[PDB]
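The chain below stands alone, shown as structure tokens; this is the form deposited in one PDB entry.
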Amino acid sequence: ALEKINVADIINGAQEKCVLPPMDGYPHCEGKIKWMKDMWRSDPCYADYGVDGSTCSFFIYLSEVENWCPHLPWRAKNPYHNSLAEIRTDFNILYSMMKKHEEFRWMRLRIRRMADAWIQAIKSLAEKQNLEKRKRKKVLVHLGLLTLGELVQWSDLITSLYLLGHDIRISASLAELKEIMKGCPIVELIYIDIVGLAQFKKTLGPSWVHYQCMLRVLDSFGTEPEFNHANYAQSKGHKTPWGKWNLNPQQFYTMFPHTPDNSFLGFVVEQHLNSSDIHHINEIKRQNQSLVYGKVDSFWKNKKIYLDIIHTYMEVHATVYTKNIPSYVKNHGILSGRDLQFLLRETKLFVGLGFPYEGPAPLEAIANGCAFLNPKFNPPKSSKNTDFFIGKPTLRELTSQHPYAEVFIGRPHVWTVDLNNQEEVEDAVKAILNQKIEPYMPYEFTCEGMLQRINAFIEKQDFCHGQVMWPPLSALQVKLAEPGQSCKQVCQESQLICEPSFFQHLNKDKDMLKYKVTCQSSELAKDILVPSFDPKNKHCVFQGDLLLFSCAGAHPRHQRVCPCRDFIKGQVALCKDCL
């Protein structure tokens, strides 16, 4: 109400024609000014803000109210409340929220185990980083899952939101969701899973789209733009019922940083050994023994030749819940987290069999000083060729059993080898026996690293207030992908990551000239594979449907114009200027 009076006051003192500034960072401003010339009477709210038909009034409305146009210094900034978030160092409020429904018992038990580690981490982050003056956000979390990787991630996200001081409302039923949920521009963010999102749409019906900018959707395997755009997915013949939400794809939150079109949420790799356990393990030398990754004996089918090669150099151990198990294997059965990590500390090699795909267990092994033998996949596995991935709303390809371990950890902790190739396996086992490796845990999978990441998303990632401005455009590094290469690939092989919020700044002739791409001619297509550049004719094809901007996808004929950003080593979700 007073924001309307505030903007009207600015317009009352403004010239007829704003001398418009440079549009850098705001590529939709001019198109929306033109839209206002035709449409500022279609809704009385624009006039309620003081819009009077002058183009300067359009500009003022679009910058000050909707943030689609650059901000001008209309008013001075006054160099001088209760609304601030304070970090929490006590869990009783969170437990009392979860003590209402009973499949929260597993999560409460995990949080109680990890409580001291979480509290040390939030205190440590606040001692290193300036966390003052953050606004307390009102957050809804709806766990459709409740109506194991999924549970761990939910637990650590909820814990992180809580430790950072935000006001959380937890919903775990349709009835709870319905009661809670009862331009021109209560709850500010809504964390939800894929099951819960379907429930959200049904509870709200067609008006759900008014809340969609607030959604952060936990989606372990990721959703690519080709599948997120419902009409495009249909035009490609995709039969999967998944995807089709038409969200900004950065609103999907993944388990590992494998899909740069999405955001990486992750989780914490729990530490089960306390200081007494650790001191007792410095007692005992790590043995020349291996431990096979895989709890179900059916995972071991046809792995005998591979294990025999390992068995030539090392004892072979297992934790199996026994047809396919060689008789020389020492089976411990299922172990507690503490007993498992004791075993990992006496173990030189954690042996992947090819399945399961990208879980936490290899990171747990590496964090206890084991090397991981990581089977390589050629062809890479994807929804195109692997029954286990049928219906996934993404063509993402796995190049090994644990692509994160392959790409972001690597040797000497991770030896990515063809398990069928005896020479490659032997070369790895021999080098692992004679190598010095220390326990290693990527910062992003620690309590403190997860808090830093989630804090940055809460403070900086915003889809509800017009122009996306984070990561900052200063971080953009433009690369040309060759034909047959995706934008995801061309950033990754240069130790960068694709940043999909930057595509919109690379989508016309004038913008392309900033990066020494000169288009003699140009056209518009609605295609995930553009902006594209034909270097023979210097013909550019730009994006005609902004929801199809896509890090994934290789152009068969032309070069792709690809927006990369730097990432902080060990914190891939953030650029150095992202905070």
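The term rigid core refers to the maximal set of C-alpha atoms that superpose within 1.5 Å between the two forms. One-based numbering along the sequence shown.
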Checking the other PDB entries that cover both flanking residues: does residue 204 lack coordinates in at least a third? no
Would residue 514 be found without coordinates in at least a third of the other compared entries? yes
Does the deposited sequence hold unmodelled residues between residue 80 and residue 81, and if so, how many: none, 1 to 3, 4 to 9, or 10 or more? 4 to 9
What size is the break between residue 182 and residue 183 in terms of deposited sequence residues left without coordinates: none, 1 to 3, 4 to 9, or 10 or more? 4 to 9
Would 172 to 180 or 461 to 469 have the larger average of its C-alpha temperature factors, as given in the entry? 172 to 180
Name the higher of the two by mean Cα B-factor in the PDB entry, 546 to 554 versus 522 to 530. 522 to 530
Among 69, 65, 540, 36 - the residue whose C-alpha B-factor is largest in the record: 540
Looking at 90, 150, 277, 406, which one carries the largest C-alpha B-factor according to the PDB entry? 277
Lowest, middle or highest third of the chain for the C-alpha temperature factor of residue 561? middle
Here the Cα B-factor of residue 231, set against its chain, lands in the third termed middle
Sorting the chain's modelled residues by C-alpha B-factor, tell me whether residue 258 ends up in the lowest, middle or highest third. lowest
Ranked against its chain, the third holding the CA B-factor of residue 1: highest
Can you tell me which third, lowest, middle or highest, the CA B-factor of residue 351 falls into for its chain? middle
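What comes next is about the form deposited in another entry, which is not displayed.
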After the core is superposed, which of these residues, 247, 107, 157, 497, moves its CA 2 Å or more between this form and the one not shown? 107
Superposing on the rigid core, I want to see if residue 97 changes position between this form and the one not shown - specifically a Cα shift of 2 Å or more. yes
Is_shifted residue 455 between this form and the one not shown (CA, 2 Å cut-off, rigid core): no
Using the rigid core as the reference frame, would you say residue 467 shifts its C-alpha by 2 Å or more between this form and the one not shown? yes
Per the comparison in that other deposited form, the residue 467 and residue 453 C-alpha atoms (change 3 Å or more) are positioned closer
Thinking of the 3 angstroms or more shift, are the C-alphas of residue 350 and residue 285 brought closer or pushed farther apart in that other deposited form than in this view? closer
